[PDB]
Amino acid sequence: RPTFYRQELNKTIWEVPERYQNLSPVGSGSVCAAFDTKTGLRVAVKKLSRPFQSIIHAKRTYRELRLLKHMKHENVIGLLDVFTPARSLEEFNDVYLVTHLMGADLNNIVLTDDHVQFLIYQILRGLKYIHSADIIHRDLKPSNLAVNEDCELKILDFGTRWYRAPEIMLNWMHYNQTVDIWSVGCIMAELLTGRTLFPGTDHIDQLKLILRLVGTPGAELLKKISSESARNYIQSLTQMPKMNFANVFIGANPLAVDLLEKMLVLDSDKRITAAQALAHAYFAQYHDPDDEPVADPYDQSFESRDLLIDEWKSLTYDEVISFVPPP
Ligand SMILES: Fc1ccc(-c2n[nH]cc2-c2ccncc2)cc1
Ligand SMILES: Fc1ccc(-c2n[nH]cc2-c2ccncc2)cc1
């Protein structure tokens, strides 16, 4: 077992192997930029807040570790290392996650059309992989998109309101992966105009703003809504038509406009998928079918289990010990 050293940073206690030096806060568990003396690389170390404060925390802790250990793709945060100072399950109460250090995030940056292309391309490439594993991000937003100096991008926190799919603004329990495509659409639009596409003040205001652009629900989509209250609410609002994106985003690359219309489609069943988007002409310059990999199967069966805190903890502990660094 490696040698750990203790230190305090912003009222938070950090106990990490000596291979990690020069820890310095970068954001919020908590994250510290650091230097890995074994690899010689700059990394980001995240310390989970209270990994086992409750069954929910315990399971959440397990879920994140499982997800990170599975993600092995250039455009997705991956695990360089995971560790705990604990020498045994008995005293196991802290979890640290390590990944390559990424300079900033999209929320920080803001772009020209060429930059948007490369950035959105990467998001979609990462999303294809994630979605092929039957995983849905559910909370894609600028702050969850890490980018380094090279404009290389990685998706973070698979886990505000502005990038949430409309079906989610409503309470639809059966939304699918396409909710992530909607978020991309909002993000892309933001990168092109420099303004939040739908800055809703609340669930009602948010949905209101969305329908103003994409128009109110047609008959085919209306047929798919089981909730009576959802229908009363929706069908009572002032009917509005889908707007001409060419006019709304006028001046922008016509190809970008085409893609946006395909992403920001109200009916989730009609939204372009990540795989299809990568083939869209907007990404002609970057698209390569032989270099847009899918992920191995991801076992999500644990999600339906109701276990004790100690069982989730022990499950997590086992995942820490079984971890094998990347090549
Ligand atoms: F293992 C991990 C997993 C996630 C993080 C992280 N969470 N929020 C932001 C980051 C982050 C910050 C800087 N560079 C890469 C990732 C850090 C280490
Ligand atoms: F006003 C709206 C906003 C979004 C939707 C929607 N898009 N994809 C799926 C749905 C949806 C919402 C609620 N119940 C079933 C399906 C339907 C009506």
Side-chain angles (χ1 to χ4, degrees), residues 24-34 41-46 68 71 73-78 80 97 99-130 137-165 179-200 206 209 213 245 248-260 263-264 274 277-278 280 282-287 292:
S24 60
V26 50
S28 296
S30 297
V31 177
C32 275
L41 303 177
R42 287 247 66 192
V43 308
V45 182
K46 170 186 184 180
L68 282 56
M71 301 300 91
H73 182 288
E74 302 179 296
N75 303 119
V76 182
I77 297 300
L80 283 178
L97 305 174
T99 193
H100 300 79
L101 176 56
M102 300 297 285
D105 59 54
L106 269 50
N107 184 52
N108 288 174
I109 302 180
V110 57
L111 292 175
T112 73
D113 198 72
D114 293 304
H115 281 64
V116 172
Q117 283 175 44
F118 182 46
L119 294 169
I120 303 311
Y121 175 71
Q122 298 182 78
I123 297 160
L124 292 168
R125 184 161 175 273
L127 210 60
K128 173 187 182 182
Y129 174 93
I130 290 165
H137 187 291
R138 303 189 176 73
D139 191 41
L140 284 182
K141 54 192 173 177
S143 61
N144 281 332
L145 297 176
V147 294
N148 58 34
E149 295 293 298
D150 289 58
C151 270
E152 296 183 305
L153 176 163
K154 299 179 178 190
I155 301 175
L156 267 166
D157 301 335
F158 320 128
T160 55
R161 193 202 311 280
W162 302 344
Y163 315 83
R164 290 255 174 179
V179 296
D180 288 338
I181 289 298
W182 175 277
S183 299
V184 173
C186 294
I187 292 166
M188 173 167 169
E190 194 170 318
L191 298 190
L192 293 174
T193 70
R195 303 299 179 183
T196 299
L197 185 57
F198 306 118
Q206 183 67 38
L209 297 175
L213 177 70
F245 282 47
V248 172
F249 296 102
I250 189 169
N253 181 330
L255 238 41
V257 182
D258 185 71
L259 179 59
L260 276 179
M263 296 187 151
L264 300 173
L278 289 167
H280 189 283
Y282 187 55
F283 305 115
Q285 298 81 306
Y286 299 111
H287 179 56
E292 296 169 348

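The figures that follow rest on heavy atoms only: side chains count, while hydrogens, waters and symmetry mates do not. Position 1 is the first residue of the sequence; numbering continues from there.
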Legend entry - Residue pairs passing the salt bridge (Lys or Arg N to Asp or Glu O under 4.0 Å) test where at least one lies in residues 107-121, sequence neighbours excluded: none
Inset, instruction - Among residues two or more places apart or on two chains, list those pairs meeting side chain to side chain donor-acceptor pair (under 3.5 Å) that have a residue in residues 102-112. - result: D105-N108, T112-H115
Legend entry - Residues in side chain to side chain contact (heavy atoms under 4.5 Å, CB included) contact with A277, at least two apart in sequence or another chain: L124, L259, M263, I272
Legend entry - Nearest non-hydrogen partners of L156 and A146, listed with the distance: CD1-CB, 3.9 Å
Inset, instruction - Quick one: list whatever passes side-chain hydrogen bond (donor to acceptor under 3.5 Å, both in side chains) with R164, sequence neighbours left out. - result: none
Inset, instruction - With sequence neighbours excluded, give me every salt bridge (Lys or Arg N to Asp or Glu O under 4.0 Å) pair touching residues 140-158. - result: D139-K141
Inset, instruction - Could you grab the distance from atom CD1 of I123 to atom CZ of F118, nearest 0.5 Å is fine? - result: 11.0 Å
Inset, instruction - Would you mind reporting whether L140 and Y163 have side-chain heavy atoms less than 4.5 Å apart? - result: no
Inset, instruction - Quick one: list whatever passes side-chain hydrogen bond (donor to acceptor under 3.5 Å, both in side chains) with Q122, sequence neighbours left out. - result: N75
Legend entry - Where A34 and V45 come nearest, the two heavy atoms and their spacing: CB-CG2, 4.4 Å
Inset, instruction - List the steps, then state whether side-chain contact (heavy atoms from CB on, under 4.5 Å) holds for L255 with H280. - result: CA-CA 9 Å; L255 238 41; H280 189 283; 4.2 Å; yes
Legend entry - Heavy-atom side-chain contact between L119 and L145 under 4.5 Å: no
Legend entry - Any residue meeting side-chain hydrogen bond (donor to acceptor under 3.5 Å, both in side chains) with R42, in chain and number order, not counting sequence neighbours: none
Legend entry - Expected output: side-chain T99 to main-chain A44 donor-acceptor under 3.5 Å: no
Legend entry - For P142 against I187, the heavy-atom pair lying closest together: CD-CG1, 4.2 Å
Inset, instruction - Can you see which heavy atom on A189 is nearest to which on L260, and at what distance? - result: N-CD2, 4.2 Å
Legend entry - Student check: side-chain heavy atoms of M71 and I155 closer than 4.5 Å: no
Inset, instruction - Could you list the residues that satisfy side chain to side chain contact (heavy atoms under 4.5 Å, CB included) with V179, not counting sequence neighbours? - result: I136, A165, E167, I168, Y175
Inset, instruction - Measure the spacing between CG of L191 and SG of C186 and express it to the nearest 0.5 Å. - result: 11.5 Å
Inset, instruction - Locate the shortest heavy-atom distance separating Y121 from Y286; write the atom from each residue and the value. - result: OH-O, 3.4 Å
Inset, instruction - Report the residues that fulfil side chain to side chain contact (heavy atoms under 4.5 Å, CB included) with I109, sequence neighbours left out, ordered by chain and then residue number. - result: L106, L111, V147
Inset, instruction - With the side chain counted from C-beta on, respond yes when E190 and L197 share a heavy-atom pair under 4.5 Å apart, and no when they do not. - result: no
Inset, instruction - Classify the ring geometry between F245 and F249 as parallel (under 30°), tilted (30 to 60°) or perpendicular (over 60°). - result: tilted
Legend entry - Gap between atom OG of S183 and atom CE of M188 - 0.5 Å precision: 14.5 Å
Legend entry - Which residues share a side chain to side chain contact (heavy atoms under 4.5 Å, CB included) with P254, sequence neighbours left out: none
Legend entry - With sequence neighbours excluded, residues passing ring pair (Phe, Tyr, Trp, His ring centres under 6.0 Å) with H73: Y129
Inset, instruction - Only counting residues at least two apart or in another chain, list the ones meeting side-chain hydrogen bond (donor to acceptor under 3.5 Å, both in side chains) with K128. - result: none
Legend entry - Contact summary for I120 and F283, nearest pair of heavy atoms: CG2-CZ, 3.6 Å
Inset, instruction - Hey, can you tell me if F158 and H137 have their rings parallel, tilted or perpendicular (30° and 60° cut-offs)? - result: perpendicular
Inset, instruction - State, yes or no, whether a side-chain contact exists between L80 and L41 at a heavy-atom distance under 4.5 Å. - result: no
Legend entry - Nearest-0.5 Å distance, OH of residue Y282 to CG of residue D258: 11.5 Å
Legend entry - Heavy-atom check, side chain of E292 versus side chain of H287, under 4.5 Å: yes
Inset, instruction - Give, for atom CG of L127 and atom CD1 of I181, the distance between the pair rounded to the nearest 0.5 Å. - result: 5.0 Å
